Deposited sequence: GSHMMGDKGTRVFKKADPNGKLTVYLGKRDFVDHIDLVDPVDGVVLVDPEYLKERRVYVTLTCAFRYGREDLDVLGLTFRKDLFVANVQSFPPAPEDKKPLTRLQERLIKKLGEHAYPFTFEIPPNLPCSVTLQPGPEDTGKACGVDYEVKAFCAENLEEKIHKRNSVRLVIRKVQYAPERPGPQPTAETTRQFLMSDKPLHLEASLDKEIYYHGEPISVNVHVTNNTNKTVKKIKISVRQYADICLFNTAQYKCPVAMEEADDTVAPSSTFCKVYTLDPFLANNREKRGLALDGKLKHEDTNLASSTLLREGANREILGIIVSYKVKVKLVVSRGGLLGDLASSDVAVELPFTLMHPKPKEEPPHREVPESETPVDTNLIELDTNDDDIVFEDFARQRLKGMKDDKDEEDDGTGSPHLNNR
């Protein structure tokens, strides 16, 4: 049908409506945040209702929002006055919501700038609980007389939407191969060559690595280890670098001396196989089902890397275990993106599904 999400304040006087939880960041544009807020005039005797979208990097324990212990930096703020409206054309969905809700439904629309970072959440673990961080997008509606006075938290409604990063695939040639040649007490080297089928992968999509080994030595490769590793750099409040494997396959395959090897391995770097690992960047909260691995950060040409709170990157690693025991290895970069999203109105709680 036509799904619409809604959340109200504890008093039941202010309810926000949204057509989707996740808004897709295409490179050039991002989905508009078109919404409607239902007000109660008896509660708004003299006051107005504002809706503010805030993109903020946070640092510190997740369950705490207090001065001194929790750091936050606003990366983008936008304010609209939903009542009085004082009108930008409206969307089809907004017209339907006002048509159904009545005379006290008022619209609001945000246009997220493209260069802003996407929703990301780093879960550091039980040992270092204070190093948690991330950036979030919050839609907040509240009743006030202006944007300067202090507002009670339960007089307002907060909806943590996500911006997710999508990118189309490139029509150019296939990704280039990475090579390495190393000598292992040998007159001639061991040649390792790996490559990826695609450049841009999506969540839940497997990755095929093409491994090609030319062993011109007298040594024997005992094992072939293939893995996808996540790299995540914290750039705003406490500079840090994280290394975490999100997929692993130990192949017992053996490359003989003076022989040539070739094989295509496939691994599944899915969050469903990392529910116990920590120090890992996610695109949302570890509790929700719609949470996946953090998408690759799109670093634009000569762009401010610092105002993006966390930089996330992925690489496939291919390691050869030579018998003796040295190691020959190569890494392959790839981009992890969010999948393309592919009448009466039915309401539903905005709260994302747990477990």
Could you sort out which parts of the deposited sequence are absent from the coordinates (no C-alpha) and give them as ranges from 1? 1 to 8, 96 to 98, 336 to 343, 362 to 387, 401 to 422
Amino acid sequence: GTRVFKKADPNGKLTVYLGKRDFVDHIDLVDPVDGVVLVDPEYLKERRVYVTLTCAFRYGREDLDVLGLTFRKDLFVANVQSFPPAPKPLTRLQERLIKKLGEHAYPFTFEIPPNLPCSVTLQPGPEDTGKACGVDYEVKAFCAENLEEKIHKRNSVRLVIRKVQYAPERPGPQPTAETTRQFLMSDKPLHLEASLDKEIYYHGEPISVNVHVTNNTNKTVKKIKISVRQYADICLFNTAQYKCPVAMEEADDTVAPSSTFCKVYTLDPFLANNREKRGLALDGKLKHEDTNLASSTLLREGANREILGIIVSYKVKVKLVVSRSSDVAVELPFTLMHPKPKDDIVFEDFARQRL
From here on, numbers count along this sequence of modelled residues.
Of the two stretches 38 to 46 and 295 to 303, which shows the higher Cα B-factor on average in the entry? 38 to 46
Should the higher mean CA B-factor in the entry be assigned to 146 to 154 or to 214 to 222? 146 to 154
Which of these, 204, 284, 107, 89, has its C-alpha atom at the highest B-factor, as the entry lists it? 89
Whose C-alpha has the highest temperature factor in the PDB entry: 312, 308, 67, 316? 67
Based on the deposited C-alpha B factors for this chain, I'd like to know if residue 61 is in the lowest, middle or highest third. middle
Hey, what third does residue 183 fall into on Cα B-factor, ranked over its chain? highest
For residue 96, return the chain-relative third of its C-alpha B-factor as stated in the PDB record: lowest, middle or highest. middle
Using the temperature factors of the C-alpha atoms in this entry, rank residue 239 within its chain: lowest, middle or highest third. middle
Taking the entry's C-alpha B-factors for this chain, is residue 168 in the lowest, middle or highest third? highest
